[PDB]
Amino acid sequence: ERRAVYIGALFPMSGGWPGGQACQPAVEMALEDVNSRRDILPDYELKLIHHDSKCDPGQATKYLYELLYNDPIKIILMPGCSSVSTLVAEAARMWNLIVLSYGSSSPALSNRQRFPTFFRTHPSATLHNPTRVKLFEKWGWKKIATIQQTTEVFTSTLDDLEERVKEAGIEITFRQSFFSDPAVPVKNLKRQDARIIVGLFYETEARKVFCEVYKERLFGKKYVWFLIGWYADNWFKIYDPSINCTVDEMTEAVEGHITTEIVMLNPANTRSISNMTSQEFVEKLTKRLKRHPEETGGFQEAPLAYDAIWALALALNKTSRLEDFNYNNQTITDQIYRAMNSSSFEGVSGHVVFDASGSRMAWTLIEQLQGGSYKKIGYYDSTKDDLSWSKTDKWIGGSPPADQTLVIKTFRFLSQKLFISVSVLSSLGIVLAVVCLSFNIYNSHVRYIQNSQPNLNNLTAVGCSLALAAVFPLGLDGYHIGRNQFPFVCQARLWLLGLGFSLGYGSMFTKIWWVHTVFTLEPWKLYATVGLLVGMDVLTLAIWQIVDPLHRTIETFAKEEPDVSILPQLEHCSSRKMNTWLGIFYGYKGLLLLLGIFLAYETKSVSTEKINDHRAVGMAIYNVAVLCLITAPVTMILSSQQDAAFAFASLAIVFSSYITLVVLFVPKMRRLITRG
Amino acid sequence: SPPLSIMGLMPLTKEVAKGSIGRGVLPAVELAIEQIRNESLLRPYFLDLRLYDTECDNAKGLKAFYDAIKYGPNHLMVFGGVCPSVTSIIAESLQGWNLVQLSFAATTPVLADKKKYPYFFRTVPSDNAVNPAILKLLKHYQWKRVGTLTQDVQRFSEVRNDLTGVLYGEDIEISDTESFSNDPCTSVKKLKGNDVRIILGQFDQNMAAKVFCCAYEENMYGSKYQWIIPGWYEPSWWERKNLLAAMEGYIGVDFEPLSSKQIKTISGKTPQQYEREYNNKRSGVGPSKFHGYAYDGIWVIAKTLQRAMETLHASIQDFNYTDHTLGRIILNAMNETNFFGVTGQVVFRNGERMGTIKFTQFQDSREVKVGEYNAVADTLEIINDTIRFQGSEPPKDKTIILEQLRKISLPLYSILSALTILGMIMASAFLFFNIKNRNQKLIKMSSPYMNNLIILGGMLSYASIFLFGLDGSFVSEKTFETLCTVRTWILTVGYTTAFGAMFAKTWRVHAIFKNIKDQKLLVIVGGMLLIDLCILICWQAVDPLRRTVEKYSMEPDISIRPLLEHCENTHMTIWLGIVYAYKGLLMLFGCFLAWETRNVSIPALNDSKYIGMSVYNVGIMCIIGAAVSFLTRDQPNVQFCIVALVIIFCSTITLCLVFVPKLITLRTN
Ligand SMILES: *[C@@H]1O[C@H](CO)[C@@H](O)[C@H](O[C@@H]2O[C@H](CO)[C@@H](O)[C@H](O)[C@H]2NC(C)=O)[C@H]1NC(C)=O
Ligand SMILES: *[C@@H]1O[C@H](CO)[C@@H](O[C@@H]2O[C@H](CO)[C@@H](O)[C@H](O)[C@H]2NC(C)=O)[C@H](O)[C@H]1NC(C)=O
Ligand SMILES: C[C@H](NC[C@H](O)CP(=O)(O)Cc1ccccc1)c1ccc(Cl)c(Cl)c1
Ligand SMILES: *[C@@H]1O[C@H](CO)[C@@H](O)[C@H](O)[C@H]1NC(C)=O
Ligand SMILES: *[C@@H]1O[C@H](CO)[C@@H](O)[C@H](O)[C@H]1NC(C)=O
Ligand SMILES: [Mg+2]
């Protein structure tokens with residue numbers, strides 16, 4: 001005779017998950033197979049008492065009373081669902097019992113302060129997230145978005161995902177919930193232009209949200225959808241009278257969407273403890289059903305009912321002592337806890353080992369949709385950071401997109417050919433200036449030249465030469481300069497132009513001034529008049545450079561297109577509040593430049609000694625004023641452009657210089673050469 | 001006699017913190033049972049209540065229920081259940097044993113789901129009965145806008161999600177909604193920014209102090225803010241000064257433990273007698289605010305048990321739990337009960353009770369009751385001379401907007417319009433004096449008509465000042481839109497003619513000094529006038545200036561936002577710049593000639609020096625006027641007066657310096 005040992009179980013057969021249609025025969029077969037062999041339990045037989053629960057906690061407590069207060073005496077309790085396991089695990093503490101569930105996948109049952117005697121085989125739903133993040137890392141993504149139907153499982157899952165992703169240098173953006181209105185939450189995605197998406201929900205939520213998607217055009221080449229895998233293939237080719245979209249309209253919205261999954265059957269064909277192969281087990285239990293294994297329920301979960309009742313026997317063999325078990329003593333249960341806590345073996349589902357919180361770890365699987373059919377991509381074992389790719393992925397753009405459109409900044413420059421000729425003409429100008437200065441300084445003892453002021457003419461030539469030179473640093477930017485030697489150019493421009501202009505106009509004006517004055521001429525007085533104007537100009541320039549220096553100022557205008565956006569940036573050597581300085585320096589000069597013209601139009605015919613060239617000076621002053629007046633406003637209004645603001649300011653200086661130096665110096669040669 | 005048994009579930013130990021609720025109500029049950037026995041209402045049978053502890057623990061609760069089902073006698077009903085974790089477990093497992101339950105201390109809304117809990121009745125109202133009272137407190141006082149603060153827990157969300165559902169038919173509209181978990185001050189700031197004065201709070205004891213402190217720090221309190229929050233806290237929870245100043249003026253809501261009305265109830269007593277009986281029955285056991293509901297529960301259970309025993313005789317000692325008919329009988333019997341009790345009249349609208357809510361207000365020391373709202377009648381009752389406000393009117397959820405124009409005040413407009421007549425009379429006098437001596441030699445030497453033109457220009461300019469002032473509700477809105485054009489035309493012509501003449505004369509002088517007469521001057525003046533005439537025609541024909549309104553200020557009890565009007569057009573910078581530049585250049589040119597010809601001159605023209613001085617004065621006057629115009633456009637009153645003074649001096653000193661010598665020379669000779 002063998003001393004019996006009873007256990008109690010609750011199997012569902014209707015509701016939201018009928019997983020007892022196919023999990024009762026498996027456990028019966030396991031029991032008979034383990035009782036046959038005489039190497040595990042020689043003098044201890046096993047037997048089972050089962051009840052129905054319908055996966056609701058209303059019947060479960062009634063049956064738990066019917067099963068816990070009437071003889072015989074039970075040892076181990078096995079609940080199926082996740083809504084009637086919580087209850088029994090909370091309650092059994094007062095009866096000193098063990099519970100071993102084969103179908104509950106809720107992250108809340110992983111605590112150890114409320115559930116201290118709970119073990120299970122079906123892993124949790126916090127086992128996709130490591131895969132998800134280890135896959136994000138592989139493809140360089142740092143901005144994610146998510147949405148979730150309302151339920152506890154999905155909420156806890158997303159919380160764990162956030163905790164795991166906020167610890168590897170990644171950030172989340174958006175979290176939108178709903179119950180049955182997927183219209184506004186999916187419409188509010190385009191408002192933020194989110195592209196990488198993870199979706200947690202059931203099948204009907206899918207068949208609805210995806211029609212909403214197709215309407216809102218949220219798919220293409222820059223959109224990736226992450227989903228869950230236990231949906232049944234062909235879940236988009238099924239009639240939906242509550243849906244307006246069609247089959248071909250939606251089959252184009254669910255193209256190329258990843259999906260994870262958990263694996264329960266050993267993909268290999270290796271033998272196990274019971275000397276059985278997966279193929280010798282599927283058919284073996286399919287020969288024991290009424291309907292077909294595709295129309296019944298809870299078929300893919302039986303291996304976890306088989307591979308559980310074996311752990312029990314394995315851990316109970318060691319202890320070997322059981323005919324006297326009262327619900328009060330708490331030492332036998334502790335022994336069994338220590339035995340089950342040290343489990344390691346191979347079964348139809350693989351290597352089963354229980355972690356600290358009762359749950360077990362397993363390998364997970366990845367897939368992808370390629371033309372109305374799923375095609376595997378790889379596995380993953382979260383225990384040894386392992387992986388096994390296949391090189392079978394696919395993309396529309398030969399590569400996967402990234403989180404957001406990168407913006408590249410471009411720089412505009414001159415033509416690089418309009419500068420060379422204009423910088424060359426300056427050399428000819430300076431050559432003419434030197435030639436003329438030499439021709440005027442060679443002869444220095446003739447009365448013809450002693451009459452007309454030689455020093456003033458030379459000063460004018462020097463001023464014009466400096467002005468011509470100042471043209472170089474005006475075009476030098478970019479290709480021929482960096483971010484360090486930039487300020488050295490602006491100072492050059494300013495200190496050359498603002499010096500040469502005044503150093504020429506001083507003479508070219510003071511001569512006519514003193515002439516018209518005597519017309520109403522000691523040489524000493526004339527020098528003071530010229531020196532005064534230049535002395536004043538330097539004061540304004542130095543006070544500007546002292547209390548207001550110019551360093552740089554970028555200008556960011558419209559961003560032109562080419563998934564890359566280019567925004568072009570300009571580079572103005574400017575300062576703060578330059579408008580006032582420019583207005584001041586332009587008006588203070590326009591005054592003189594508009595007065596000298598009238599003074600010259602006055603003394604048109606007056607004749608004097610040592611004032612012979614007055615007409616030539618008048619013509620020179622006439623040209624200069626018009627050119628300067630026209631050029632200054634145009635240049636000020638064209639600060640945006642880069643080519644125009646160079647022509648209208650480089651031609652108007654060479655023209656003036658040339659027409660000036662070939663007017664009051666040509667007749668001298670034309671005469672002194674023809675008259676020896 | 002044959003007993004009738006009843007099951008009881010409530011905490012009894014002292015380690016649990018809720019044991020007080022199971023110890024402060026037993027006296028009432030003892031009284032009720034004593035009375036039921038004395039009165040002899042169940043002739044053969046009597047009651048027998050049984051006590052069982054749970055410790056408010058899920059496991060410790062099931063074991064007691066089970067032990068009772070096994071050892072104890074054949075029970076017929078369940079009575080009690082204060083903690084929501086274990087009663088929500090027990091309420092789903094009754095259709096199998098065919099029992100009925102009656103809770104008097106569970107205030108959770110979930111138990112209203114009659115799909116899972118069909119055999120559950122209670123008396124104490126739920127926490128989702130406060131909103132139909134808040135509604136009729138808002139309506140009475142004519143309020144429309146609201147600000148709701150939610151805490152991130154399901155206890156409070158269960159009612160935050162029920163509030164938004166009853167306001168559908170009504171007109172109230174939710175303006176804002178802020179949620180918080182630990183940091184409420186960010187939400188308090190986000191609310192204060194929206195400028196709301198109505199707050200509907202839902203939070204526990206400490207977060208109340210937190211939010212009050214951060215609101216005081218945000219200055220979200222005063223005679224323009226109202227507080228609404230729960231009122232089931234404990235006294236002295238504040239256990240500084242500033243806090244008490246931000247708290248006063250808040251309204252709390254709870255349920256009425258014991259009615260004040262005096263009427264004969266079903267036990268032959270009155271709420272004021274039972275209060276004394278109870279307060280004298282318990283000596284050491286502390287007070288609990290739920291006894292009025294236990295007392296009524298006992299009586300309702302007795303009444304329904306009797307009404308059911310009646311129908312049974314027309315067809316009770318051996319009731320195995322497999323009796324479906326008896327359970328249905330009792331259930332259908334309990335749905336037909338209505339009487340009067342210490343708490344009010346008891347009725348059951350699908351389990352939930354229809355009871356009385358009560359408001360309360362805090363006045364510098366504690367909360368005092370105000371109004372009682374009776375659900376079964378939908379009538380709200382208030383007491384006067386006890387409620388108070390910070391102001392003398394019911395605050396509203398908005399701010400008043402005022403639009404002052406800033407127009408002139410007219411203490412000085414009349415003065416200036418009067419002073420403007422001195423110039424006109426002087427000009428008329430001078431014109432007549434010049435017209436009288438049109439034959440003498442003095443008048444014949446100097447220019448004949450240039451002076452006349454100058455005087456006409458002065459008078460025309462004088463009109464411009466009259467035109468400047470009309471604005472700010474002086475004339476019809478359709479007039480202001482037609483005066484700017486005539487104003488600018490008149491002022492343009494007035495400045496044109498006079499200076500044209502004053503410049504042509506100096507031109508003739510300077511020309512004679514270097515090397516008909518009266519005709520060429522007129523011709524050049526006409527040309528100068530033609531330029532401005534063409535310019536003005538072009539402008540008045542292309543895009544006239546329209547009246548634009550500007551609003552810029554915040555002066556706070558209604559807020560006032562002032563408004564002003566500007567006669568401008570979009571493209572004003574180019575027009576103004578061109579006109580100003582053209583007039584300035586001419587003035588400078590004219591001024592230079594006068595200085596050059598200070599001493600030199602030509603005979604037959606004696607007014608050279610004086611005209612030069614006039615030119616200088618006019619130039620400086622116009623420059624100052626133009627500068628002042630751009631600087632004081634915001635302030636409209638000072639600009640007007642200063643510009644008027646400038647115009648007067650400019651156009652008067654000229655004449656006073658030209659004609660005066662030619663007049664005293666005749667007066668003396
Ligand atoms: C339960 O009691 C309530 C309160 O009187 C009652 O509303 C339920 O049905 C009332 O039943 C009447 C017929 O007996 C019916 O005419 C009446 O319309 C109905 N009440 C309402 C609001 O419609 C009662 N239900 C039962 C006794 O099963
Ligand atoms: C496990 O099963 C295998 C095959 O199912 C057994 O090896 C077979 O064992 C039988 C023993 O009766 C031999 O007659 C066959 O020759 C074997 N077949 C092959 C292909 O090797 C093995 O003995 C079993 N192990 C046990 C029962 O411990
Ligand atoms: C793999 C997973 N295992 C099932 C859990 O074991 C049941 P659960 O209680 O944990 C959550 C639950 C799920 C559905 C309906 C009610 C409840 C699963 C999930 C859904 C389906 Cl459709 C299938 Cl085939 C398989
Ligand atoms: C069961 O226990 C016995 C004795 O400890 C041992 O010999 C046997 O190998 C065990 N069975 C298994 C399957 O480990
Ligand atoms: C058994 O579980 C305890 C905690 O429950 C743990 O400390 C111990 O390491 C486990 N035993 C083994 C062999 O892992
Ligand atoms: Mg699949």
# chains A, B, ... in the order shown; residues from 1 in each chain; ligands from 1

call {"tool": "residues_near_ligand", "arguments": {"ligand": "ligand 5", "cutoff": "10 Å", "atoms": "only C-alpha atoms and all ligand atoms", "output": "count of residues only"}}
result
16

call {"tool": "interface_residues", "arguments": {"of": "chain B", "to": "chain A", "cutoff": "6 Å", "atoms": "only C-alpha atoms", "output": "list in words"}}
result
residues 59, 92 and 93 of chain B

call {"tool": "residues_around", "arguments": {"residues": "stretch 593-599 of chain B", "least_positions_apart": "4", "cutoff": "9 Å", "atoms": "only C-alpha atoms", "output": "list in words"}}
result
residues 503, 506, 507, 509, 510, 513, 588, 589, 608, 609, 611, 612, 613, 615 and 616 of chain B

call {"tool": "residues_around", "arguments": {"residues": "residue A:377", "least_positions_apart": "5", "cutoff": "12 Å", "atoms": "only C-alpha atoms", "output": "compact mmCIF listing (two decimals) with C-alpha atoms, in the first residue's frame"}}
result
# COMPACT_ATOMS: atom_id res chain seq x y z
CA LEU A 135 16.85 46.95 -29.40
CA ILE A 258 7.79 44.95 -35.04
CA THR A 259 6.30 42.58 -32.48
CA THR A 260 7.83 40.66 -29.58
CA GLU A 261 6.58 37.45 -28.01
CA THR A 364 11.82 35.74 -25.92
CA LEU A 365 11.32 36.08 -29.65
CA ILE A 366 11.00 38.89 -32.20
CA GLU A 367 9.16 39.15 -35.51
CA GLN A 368 8.22 41.53 -38.32
CA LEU A 369 5.52 41.70 -40.98
CA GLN A 370 6.72 41.17 -44.57
CA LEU A 387 21.27 37.51 -28.64
CA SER A 388 20.94 35.67 -31.95
CA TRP A 389 20.23 37.80 -35.02
CA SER A 390 19.52 36.48 -38.51
CA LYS A 391 20.21 39.34 -40.97
CA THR A 392 16.64 39.20 -42.29
CA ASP A 393 15.26 42.64 -41.37
CA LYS A 394 14.02 44.97 -44.10

call {"tool": "residues_around", "arguments": {"residues": "residue B:273", "least_positions_apart": "2", "cutoff": "12 Å", "atoms": "only C-alpha atoms", "output": "PDB file with C-alpha atoms, in the first residue's frame"}}
result
ATOM      1  CA  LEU B 258     -28.295  63.904  13.357  1.00  0.00           C
ATOM      2  CA  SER B 260     -32.262  69.050  14.288  1.00  0.00           C
ATOM      3  CA  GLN B 262     -38.347  68.080  16.180  1.00  0.00           C
ATOM      4  CA  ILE B 263     -40.999  65.537  15.176  1.00  0.00           C
ATOM      5  CA  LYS B 264     -42.396  62.243  16.443  1.00  0.00           C
ATOM      6  CA  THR B 265     -40.371  59.369  14.998  1.00  0.00           C
ATOM      7  CA  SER B 267     -39.567  54.847  18.354  1.00  0.00           C
ATOM      8  CA  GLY B 268     -41.747  57.338  20.231  1.00  0.00           C
ATOM      9  CA  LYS B 269     -38.803  59.655  20.922  1.00  0.00           C
ATOM     10  CA  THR B 270     -37.103  62.661  19.333  1.00  0.00           C
ATOM     11  CA  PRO B 271     -33.556  63.301  18.064  1.00  0.00           C
ATOM     12  CA  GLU B 275     -28.923  62.191  22.024  1.00  0.00           C
ATOM     13  CA  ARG B 276     -29.196  62.441  25.811  1.00  0.00           C
ATOM     14  CA  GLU B 277     -30.003  58.738  26.179  1.00  0.00           C
ATOM     15  CA  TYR B 278     -26.855  57.839  24.237  1.00  0.00           C
ATOM     16  CA  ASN B 279     -24.560  60.389  25.888  1.00  0.00           C
ATOM     17  CA  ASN B 280     -25.706  58.945  29.227  1.00  0.00           C
ATOM     18  CA  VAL B 342     -33.172  60.122  14.107  1.00  0.00           C
TER      19      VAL B 342
END

call {"tool": "residues_near_ligand", "arguments": {"ligand": "ligand 2", "cutoff": "9 Å", "atoms": "only C-alpha atoms and all ligand atoms", "output": "list in words"}}
result
residues 271, 273, 274, 275 and 276 of chain A

call {"tool": "write_last_selection", "arguments": {"atoms": "N, CA and C atoms", "output": "PDB file, in the first residue's frame"}}
result
ATOM      1  N   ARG A 271      15.673  15.643 -26.063  1.00  0.00           N
ATOM      2  CA  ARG A 271      14.871  14.943 -25.077  1.00  0.00           C
ATOM      3  C   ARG A 271      14.968  15.644 -23.723  1.00  0.00           C
ATOM      4  N   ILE A 273      13.588  15.219 -19.202  1.00  0.00           N
ATOM      5  CA  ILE A 273      13.590  14.307 -18.059  1.00  0.00           C
ATOM      6  C   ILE A 273      12.690  13.109 -18.332  1.00  0.00           C
ATOM      7  N   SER A 274      11.448  13.369 -18.713  1.00  0.00           N
ATOM      8  CA  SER A 274      10.476  12.311 -18.968  1.00  0.00           C
ATOM      9  C   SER A 274      10.762  11.523 -20.229  1.00  0.00           C
ATOM     10  N   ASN A 275      11.880  11.747 -20.918  1.00  0.00           N
ATOM     11  CA  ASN A 275      12.185  11.046 -22.162  1.00  0.00           C
ATOM     12  C   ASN A 275      11.064  11.266 -23.181  1.00  0.00           C
ATOM     13  N   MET A 276      10.877  12.532 -23.549  1.00  0.00           N
ATOM     14  CA  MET A 276       9.829  12.927 -24.477  1.00  0.00           C
ATOM     15  C   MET A 276      10.299  14.097 -25.326  1.00  0.00           C
TER      16      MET A 276
END

call {"tool": "closest_atom_pairs", "arguments": {"of": "chain A", "to": "ligand 3", "cutoff": "6 Å", "atoms": "only C-alpha atoms and all ligand atoms", "output": "Markdown table"}}
result
| residue | atom | partner | partner_atom_place_in_ligand_line | distance |
| --- | --- | --- | --- | --- |
| A:16 | CA | ligand 3 | 15 (C) | 4.3 |
| A:17 | CA | ligand 3 | 15 (C) | 4.7 |
| A:81 | CA | ligand 3 | 9 (O) | 4.7 |
| A:82 | CA | ligand 3 | 9 (O) | 4.2 |
| A:103 | CA | ligand 3 | 6 (O) | 4.0 |
| A:104 | CA | ligand 3 | 10 (O) | 4.2 |
| A:105 | CA | ligand 3 | 10 (O) | 4.0 |
| A:106 | CA | ligand 3 | 10 (O) | 5.6 |

call {"tool": "write_last_selection", "arguments": {"atoms": "N, CA and C atoms", "output": "PDB file, in the first residue's frame"}}
result
ATOM      1  N   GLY A  16     -13.053  35.341 -19.913  1.00  0.00           N
ATOM      2  CA  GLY A  16     -12.115  36.046 -20.759  1.00  0.00           C
ATOM      3  C   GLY A  16     -10.901  35.252 -21.167  1.00  0.00           C
ATOM      4  N   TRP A  17     -10.649  34.119 -20.514  1.00  0.00           N
ATOM      5  CA  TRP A  17      -9.525  33.255 -20.868  1.00  0.00           C
ATOM      6  C   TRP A  17      -9.843  31.841 -20.417  1.00  0.00           C
ATOM      7  N   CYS A  81      -6.166  31.761 -13.116  1.00  0.00           N
ATOM      8  CA  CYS A  81      -6.232  33.130 -13.609  1.00  0.00           C
ATOM      9  C   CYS A  81      -5.406  34.062 -12.724  1.00  0.00           C
ATOM     10  N   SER A  82      -5.398  35.341 -13.089  1.00  0.00           N
ATOM     11  CA  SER A  82      -4.721  36.382 -12.331  1.00  0.00           C
ATOM     12  C   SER A  82      -5.671  37.207 -11.475  1.00  0.00           C
ATOM     13  N   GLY A 103      -0.849  30.076 -14.979  1.00  0.00           N
ATOM     14  CA  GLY A 103      -1.430  30.957 -16.008  1.00  0.00           C
ATOM     15  C   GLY A 103      -1.556  32.426 -15.644  1.00  0.00           C
ATOM     16  N   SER A 104      -0.865  32.979 -14.650  1.00  0.00           N
ATOM     17  CA  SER A 104      -1.014  34.398 -14.227  1.00  0.00           C
ATOM     18  C   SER A 104       0.207  35.232 -14.597  1.00  0.00           C
ATOM     19  N   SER A 105      -0.015  36.346 -15.294  1.00  0.00           N
ATOM     20  CA  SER A 105       0.962  37.201 -15.956  1.00  0.00           C
ATOM     21  C   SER A 105       0.760  38.653 -15.561  1.00  0.00           C
ATOM     22  N   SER A 106       0.647  38.908 -14.262  1.00  0.00           N
ATOM     23  CA  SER A 106       0.436  40.254 -13.761  1.00  0.00           C
ATOM     24  C   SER A 106       1.657  40.713 -12.982  1.00  0.00           C
TER      25      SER A 106
END

call {"tool": "atom_distance", "arguments": {"atom1": "atom CA of residue A:413", "atom2": "atom CA of residue A:642"}}
result
7.2 Å

call {"tool": "residues_around", "arguments": {"residues": "residue B:163", "least_positions_apart": "2", "cutoff": "10 Å", "atoms": "only C-alpha atoms", "output": "ChimeraX atom specification"}}
result
/B:128-132,134-135,157-161,165-168

call {"tool": "residues_near_ligand", "arguments": {"ligand": "ligand 6", "cutoff": "8 Å", "atoms": "only C-alpha atoms and all ligand atoms", "output": "ChimeraX atom specification"}}
result
/A:229-233,261,374
